[PDB]
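Engineer: Submitted below is the structure of interest, expressed as structure tokens.
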2 protein chains.
Amino acid sequence: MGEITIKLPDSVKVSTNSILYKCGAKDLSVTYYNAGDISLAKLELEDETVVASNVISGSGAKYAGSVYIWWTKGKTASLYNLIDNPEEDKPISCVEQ
Amino acid sequence: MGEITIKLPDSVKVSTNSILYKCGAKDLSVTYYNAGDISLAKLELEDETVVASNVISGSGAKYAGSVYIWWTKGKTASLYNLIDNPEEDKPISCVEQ
């Protein structure tokens, strides 16, 4: 296969945005998938490839996928692994590129 | 468009399972998208159509999407809306069909 096709119950428009973030000394390729309310972000992490959904948040866009939290405020974003850091308070900082 | 294509960085196999759950007196069509670690569930809710990702859990499969929590233990599953119920403790019970 190689690809996940989610068929949406409508003719909604679907957009794909890719961003390069630099997290410390590592690269991270994140691709966003937007279709109205639906918003996914595929995190191509070294540890495991994750597809996270946009979850409830107050400021920024919080994304939840496997054990990961991808929280983006603008060009900045915080990477949380909930097993490395169950408190969700010692994130890895990333910069958009 | 009408469809979300997530292109996976590999030739992993991708499977699609659809289930009918009955939640009280309503129907719910849920489709699961599995590709290794990656696991999504499109919830075709009356309120809004949601695509949730599999998140960290201890028992069952917990899925997070928008303000929704879809938690499945077997044929049973609990639907939480975090704005209706911020405590995540008064779920709507659903039965597989």
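Residues in the structure tokens are named by chain (A, B, ... in the order shown) and by number from 1 within that chain; ligands are numbered from 1 in the order shown.
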When DSSP works through the backbone of this structure, what residues of chain B end up as strand (DSSP E), shown as a VMD selection string?
Structural biologist: chain B and resid 3 to 7 15 to 23 26 to 35 38 to 44 49 to 55 61 to 65 68 to 73 76 to 81 92 to 96
Engineer: Up to 7 Å from chain B, what residues of chain A turn up? Count only C-alpha atoms and give them as a PyMOL selection string.
Structural biologist: chain A and resi 1-8+10-14+38+50-56+64-67
Engineer: Figure out the distance between atom CA of residue A:29 and atom CA of residue A:91, please, to one decimal in Å.
Structural biologist: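 Computed distance, atom CA of residue A:91 to atom CA of residue A:29, equals 17.4 Å.
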Engineer: Go ahead and compute the interatomic distance for atom CA of residue B:43 and atom CA of residue A:47, in Å to one decimal.
Structural biologist: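 So the two atoms, atom CA of residue B:43 and atom CA of residue A:47, lie 27.9 Å apart.
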Engineer: Counting only C-alpha atoms, what is within 12 Å of residue B:25, bar same-chain residues fewer than 2 positions away, as a PDB file with C-alpha atoms, in the first residue's frame?
Structural biologist:
ATOM      1  CA  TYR B  21     -21.956   1.021  16.940  1.00  0.00           C
ATOM      2  CA  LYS B  22     -25.287   1.823  18.518  1.00  0.00           C
ATOM      3  CA  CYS B  23     -24.994   4.684  20.992  1.00  0.00           C
ATOM      4  CA  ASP B  27     -26.260   5.105  14.904  1.00  0.00           C
ATOM      5  CA  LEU B  28     -22.568   5.779  14.654  1.00  0.00           C
ATOM      6  CA  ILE B  92     -22.087   7.859  26.140  1.00  0.00           C
ATOM      7  CA  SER B  93     -22.025   4.053  26.007  1.00  0.00           C
ATOM      8  CA  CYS B  94     -21.919   2.331  22.617  1.00  0.00           C
ATOM      9  CA  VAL B  95     -22.320  -1.265  21.420  1.00  0.00           C
TER      10      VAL B  95
END
